[PDB]
């Protein structure tokens, strides 16, 4: 019900937590593991009131990463308590943190200066799909960029948006403002059913001016499949 309430509002913190599994985890009986999976499910259900948790399977698509959480919360204190509780489960005890990124969702600052045709088209964001591919790309801008004026940056983002137009429906997008909460300026997140499309999207965006100013682009580039927490957890219990 309130899953759409956090996924759209401004001032909401999004956290991306990556985890890897110790090898001696498979040296455990399938029954100890089945119990450990139930513990995790109960915990997220317990937190289903304060925070929203979506889970992704990174195992086999991203190196040194088996699982990712995307946590939405009004305060990172909530995220901290939940993540700390998660790593405390018997499943969590066997997990190695492989990355942690935070960012807050905001209302667009440049869209207001775009052509109205571009504004209205931007009201489209992805399309209905089951178990889509998900990509997360952390971004650090070089310092020279922040010297530019509001008009110039508005221009760069329109050039940016213009190249991305063909993918409004076929590629869902989300942006998190991350500067000061970690070592990057932005966290970018995308959903898609066709990876060949997303590839062309990033390839198209490489042709604009804005792209020349990335100190960090990827590193890591997280690639996974969006899946119910149930299905992912099952894969760890055989």
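Positions refer to the first chain, counted from 1.
The stretch 144-152 shows the higher mean C-alpha B-factor when 144-152 is compared against 81-89 in the entry. Per the PDB record, of the two stretches 175-183 and 188-196, 188-196 carries the greater mean B-factor over its C-alpha atoms. Take 205, 44, 57, 28 and read off each C-alpha B-factor from the entry; 28 has the highest.
Each of 221, 214, 15, 18 has a CA temperature factor in the record; the biggest one is found at 214. Annotation for residue 169: C-alpha temperature factor in the highest third relative to the rest of the modelled chain, per the entry.
In the PDB entry, a CA B factor belonging to the highest third of its chain's modelled residues is recorded for residue 126.
Among the modelled residues of its chain, residue 68 has a C-alpha B-factor that falls in the middle third according to the deposited record. Ranked against the other modelled residues of its chain, the C-alpha B-factor of residue 74 as given in the entry falls in the lowest third. Among all modelled residues in its chain, residue 119 ranks in the highest third by Cα B-factor.
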